[PDB]
Structures are given as C-alpha cells and as structure tokens.
Amino acid sequence: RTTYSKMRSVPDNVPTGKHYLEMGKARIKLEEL
RNA sequence: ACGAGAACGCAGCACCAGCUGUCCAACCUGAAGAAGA
C-alpha cells in the first residue's frame, strides 16, 4: 500500500572506505571441458 | 414242493512324468524467499 517511483536499492558498507555495492554480484565466463 | 438250489463281477494297479509366473520398462514430468522489514 506504499507508492514509489522505483524500487530503492539496498546497498552495504565494507570496512573506512564507505563503498556501496549491491548484494549478489558475479561474472560469467565459458571455457571448454 | 417255483428250470431248481448253492455262487461278491471280484483280485493286482500312485492321474502320474517333464515345465522359472517369466520377458521389456528411470517414481518420472513442470515448477528463484522475493517482495517496502
């Protein structure tokens, strides 16, 4: 029942350097066998 | 005072011998813990 323009993010803090990173990142790479 | 009387259709003998209730077959198909706590 709450109206919002967009789905706000949920960043974090890493130890200090206040770096905001979205929880759950990864990379994709493909190699034979 | 009978075409009569007397006379066990009876004795011995395994419904038995051989024979896989077996053969093939996936408990399998399709489906985020997100979301304003």
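Values below: every heavy atom of this structure, side chains too, minus hydrogens, waters and symmetry copies. Per chain, numbering begins at 1; letters A, B, ... match sequence-line order.
- Only the P atoms considered, B/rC27 is 16 Å distant from B/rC23, to the nearest whole Å.
- Counting any heavy atom pair closer than 4.0 Å across all strands shown, A/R1 reaches no nucleic acid atom.
- The six-membered rings of B/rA34 and B/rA35 are stacked: centre distance under 5.5 angstrom, interplanar angle under 30 degrees.
- Here, B/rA35 and B/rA31 have their P atoms 22 Å apart, quoted to the whole Å.
- Rounded to whole Å, the distance from CD on A/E22 to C1' on B/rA34 is 14 Å.
- Separating the OH atom of A/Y4 from the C1' atom of B/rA35 is a distance of 8 Å, rounded to the nearest angstrom.
- Looking only at distances, a side-chain donor or acceptor of A/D12 sits under 3.5 Å from a matching main-chain atom of A/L21.
- Evaluation of the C1'-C2'-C3'-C4' torsion of B/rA25 gives a negative value and hence a south sugar.
- When all heavy atoms of A/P11 and A/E22 are compared, the closest pair comes out as N-OE2, 3.6 Å.
- Nucleotide B/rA17 is shown with an anti base, its glycosidic torsion being more than 90° from 0.
- B/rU22 has its base anti relative to the sugar, with a glycosidic angle deviating from 0 by more than 90°.
- For B/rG33, the sign convention on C1'-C2'-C3'-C4' gives a south pucker, since the angle is negative.
- Taking 90° from 0 as the syn/anti boundary, the base of B/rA34 is oriented anti.
- Whole-Å rounding puts the A/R8 CZ to B/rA37 P distance at 15 Å.
- Judged by the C1'-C2'-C3'-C4' torsion, the sugar of B/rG18 sits on the north side, since the angle is positive.
- A positive value of the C1'-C2'-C3'-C4' dihedral assigns B/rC10 to the north, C3'-endo side.
- Comparing the same atom, P, in B/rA26 and in B/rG30 gives a spacing of 16 Å after rounding to whole Å.
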Subject >> Intra- and inter-strand pairs of RNA chain B in dot-bracket (Watson-Crick or G-U wobble, both distances under 3.5 Å; | for another strand) >> reply: .....................................

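- In B/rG9, the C1'-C2'-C3'-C4' torsion is negative, which places the sugar in the south family.
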